[PDB]
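Working notes for the structure below.
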Ligand SMILES: [Mn+2]
Ligand SMILES: [Zn+2]
Ligand SMILES: [Zn+2]
């Protein structure tokens, strides 16, 4: 036994790092178990490599944070005890290190998030002691190091494993748990089933299984099922023709639908309004609407303001308020000197002016404070009250020039004209002195873009006000310009929240005041022409109507009013109204509809503006859908569908997340309380009572008394019948289907005052203190870290009740204690699949999201892939495979082209009403002809049945606050009563396990499979009972059913039998968990599927949807990536329905947004001269090539001839692809002439060769807080855009020496040259023409410039490779193999960190020619 | 051959239809669309008499 021991002792004595420490471990081991110390030396090598790689001091003596803080003299109270691996002290900056090694990704991520939790707890604790710490996590998935060779370490580990073959170590020590974790730590599992678990399932599993088997047959014959179906259909038809069952489908009457829509909101809307009165009332509805249509009739101060704003970010002096005062005096003098010469007052409002940091300061306050300051400076000592200010102004301007010169701002570029500093400054500053709507409400016609332009100016002012830093009259203000006038938007509140703005003017004073939300007026910032043009297009759709010609002008005015109203007032209620309008118009042209349609279309509206929008919509529909139209219904339907989809213009983000979170929790909880399974505190260590309730609810879920009962089927009730489930199972089995204490005292006193700043204090006290007594743990520790705690909690509760060997040293090195070893009927002995509930933003209504840890993720992934394999064996579903979805589209087009009936169904409450137990039951009864695997799926579904869901902290805190307010100081909701009843006994809801909850996404494929089999069975039953086939296509939320000729002629000849069949379909679907939603429609002309509408086999454009999507999607990333995103979106839009003019205008709007951000537009950004050929059969590279051809029209022809000859000689001529890979790595400007001489074509002259473009990302990419091909394979919109505008002004570009600087410095250094001309064509493409004399001569700014002809050749060759050789005409996988072959080092680093054919040019033309990604 | 027996304009009349170049129109739609131009607003082809 000692043979291998002495062998490893020799090995550690010969091969070991003897730097200064590991020799101590060597001498401590050699005196001493082999496997443990082998792992220990390995992990210690990992740790020393970690601390030397991260420059941290090694923490070897197991010193915790208290020891480190005591060794430095910091006295701290009782906090968390955590020991780091390394520490680094720099004043008030501590660097902590935690290292671990894991083989399974689950345990790795678990320890990652656990270390994150402990480090955030430590940071929050030391923040209460004002000690700033920076965390560092060293997670190493491998065992490699830099001390022992790789194969030597592998041989060491193999010797450990071969010494593990004995039995003395296993029986003397290494108990089952620790030995198992040690063996799994040295293994290489890296977890497809993982069945090597300790199965100790109790009898409850068999109870649940027998529950799914009792009463159900699932072994019937294919003939008895038909007889039962026929008899059930007969009984159903009889009970309907009698009247015991209510009808669910009504025939459509256009007159009745219009009358029911007009009479909507009859209790608050008066009656039908005329167009003239509508236009009269609209122009004076809201303050923002009053500002519009109001008929409202260099820059030395602006230069000084901008200059002082530029020097304000660098913090030149620790005199913040004094710097503000000095800058105020300077801007005062500048405005004086600019207003005396020729200019009127531009930045004045009356006894107040706009100073630096775009804030309004009153002139009297400036004079007073400057007087106090100058007198206080004069008390200490002759200067005659003006030499002091003159000297200090000289000091400030000198310091500013120095602080801008080291970075190269070149102050002279600001056109300051620094002469305003006069000796008589003190005197000139002291002697300086300057129905309720003032204007006429309503003058502008609804045909000019003046209103849209004013709206754009106002929205830009709002979004620019959103970013006020607000350091330390105090009212801030932005300025927005206009024509003969310019106004100021004043505001006191700061941040990105919604506030109250005031539009003011200098000549008249206050003009408007309104409470608005800044982050919502984005889609109208620069959309001056695109909106007018899209409205013109929508009107031109129905322009050739021949029946609305006498009213089309009114129609246009109405549409424009709707648009301006939803843009100036973005409200979720308007969005919901427009979506319900979409549903209505969808159900208007059909043949049958649901009786609950109108109750769903009606949405509660407040604020008196939504009523105006509703009146506008009603009038518009009355005009377009009048009784005597009877012509081209297609165009009118498309028009109304776009008017409904106009909801996309409003941002899909939520105004306030608390209310939407409460709404999501209400939708989550209502059906559970309606059913009767709301078990609280699931108690992971399973008790018997919860199991009894679980099995009882499972038994109740299966009753669902069918139509053969006395009362009848109770619709919209959750539950599945036994008879129909048995029929389904039997039909599938045979071949038939597929075939702080002071604050607390102040809060208490404020509560007492309110009974017989303080309100927020009391709210925070109640949210952070009352929850301590119900601690049930993120927010609980967050509140505990902000506060002694026990005594304060006890006093608060009293005052509120008055008025009424598995050690540690081997646990961080070799093995982990986080892995499941056994599993029972509830879970893997560690957690019963705990999820957390969150909300996802959508257009109409937010959706739910169940987020879980990595173990739950992989379990659900296993179930999902298994059921996806099951479904792929079929050919009915279309969810995640493009082929079946394309086939569904083709079949739908073919069926609609023949005027067949189409049943578009949506299913209400698909999430909360489904059940895992139903899946388990329908699984346990199938055969699945070809046990391992099936029992695993069964127990996984059983785990899914016992599921914990964590209640969000926001909603429970809100309910606690409401309960406190109700106990201290009215139609309470269901969840409100639930929370109150739970609080009345002391317990607070932390997790609510229930039966009736299918995760929204976590069980997607299994739900799709269940829906597929159920719908197939339903269609089979309908076919066998009537005599007609039915095709079905599902998407796990909503589906389409396509009928054959027999059902069409049946509907044409018998409406009663058709509605009987439809109600029977509804009844059978409700017998399952397939509640048909009232949005469902049975129409023979229009068909809806996955937001795709088909009217006559074609597809509706949905223009406004794509237009809003393009106007919305602007992220804060690198500008070229933003251009790529916009190009992809505009490609999609032009592909579906959008014409070329709107898309060109969107591109120009994006370019204008980029110009406002002060960016050097380069020609490789966008092409806004489209003649639409490059969107159908062209990529982005072809568009950029077309733009460059438009830029330089002469050299492009020569280069295209050269490349045409080269491509012709390449595809079918002499082989040249072998040397081009190296030829394209030399000097480009010389290589062009070389290749032109080699091919025989005349090279371009010097004139048409010196053209270059400015690439700021030539040395390094922009710091948007090596090629790009090796990296691509690895808040809100307004916030993103304003962050983009903020970074592109700061030190964003990097130099060759890895130094940061401003873009303005680059333009300044370019202006210090005599060669370039800076010529642009029409819209600011901004391409330079630097000569080749200074070309890369003395490491000047010419290094940033890159020649245009070389990149043009690159892109033209890329397009020639991608799409044919016709692109060269006159205008009238294995890639990683090539990467590793050509760039070995680049293939080693930044490539695969966690993972002949004529393509070598596709990878060679981008690793060196830095133009695009090309792939 | 041709499509279904309906007027592609009003979507609801199905009695007494006259054949276009490739489909059917009702008499009311025909006399209503004869006043704008001679070209079929759907087929982009001249309408017969
Ligand atoms: Mn749908
Ligand atoms: Zn017609
Ligand atoms: Zn026609």
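Quick notes on this one:
- Judged by the mean number of other Cβ atoms found within 10 Å, the most tightly packed of the peptides A:1168-1174, A:1097-1103 leads the ranking A:1097-1103, A:1168-1174.
- Percent of C-alpha pairs per 5 Å bin in the stretch A:329-444, short distances first: 2, 9, 16, 19, 18, 15, 9, 4, 3, 3, 2, 1, 0.
- Alpha-carbon centroid distance for the pair the stretch A:1-25 / the stretch A:961-1027, whole angstrom: 62 Å
- In terms of the mean number of neighbouring beta-carbon atoms within 10 Å, the peptides B:14-23, A:364-373, A:1007-1016 order highest first as A:1007-1016, A:364-373, B:14-23.
- Prolate/oblate/rounded call for the stretch A:2-185, Cα gyration tensor, a/c under 1.5 rounded: prolate
- Residue by residue along A:623-631, Cβ atoms of other protein chains within 10 Å of the local Cβ number 2 on average.
- For the stretch A:558-681, averaging the sequence separation of C-alpha pairs within contact (under 8 Å, six or more residues apart) and dividing by the residue count gives a relative contact order of 39 percent.
- Taken residue by residue and averaged, Cβ atoms of other chains lying within 10 Å of the Cβ of A:1090-1098 number 1.
- For the stretch A:1100-1143 versus the stretch A:676-743, the gap between their alpha-carbon centres in whole angstrom: 46 Å
- Global geometry of the stretch A:1270-1350, whether rounded, prolate or oblate, following the gyration tensor of its Cα atoms and the 1.5 cut on a/c: prolate
- Rounded, prolate or oblate (a/c below 1.5 giving rounded, otherwise prolate when a/b exceeds b/c) for chain B by Cα gyration tensor: oblate
- Two-decimal log10 I(q)/I(0) for the stretch A:707-790, as the Debye equation yields it once each C-alpha is a single scatterer, q = 0.12, 0.20 Å⁻¹: -0.55, -0.98
- Alpha-carbon centroid distance for the pair the stretch A:859-880 / the stretch A:1041-1081, whole angstrom: 28 Å
- For peptides A:1181-1188, A:1318-1325, sequence by mean Cβ density within 10 Å, most packed first: A:1181-1188, A:1318-1325
- The protein assembly as shown - share of DSSP beta bridges that are antiparallel (%, nearest 5): 80 percent
- Along its three principal directions, the equivalent ellipsoid of the protein assembly as shown from the Cα gyration tensor extends over semi-axes of 54, 51, 41 Å, largest first.
- Expected 222 nm ellipticity per residue - DSSP helices of 4 or more, -39500 (n - 2.57), all of chain A, to 500: -15500 deg cm²/dmol
Here the Cβ is made from the backbone with ideal geometry for all residues, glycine too, and neighbour counts use every protein chain on show. Each value in this text was obtained by applying a stated rule to the coordinates, not by laboratory testing.
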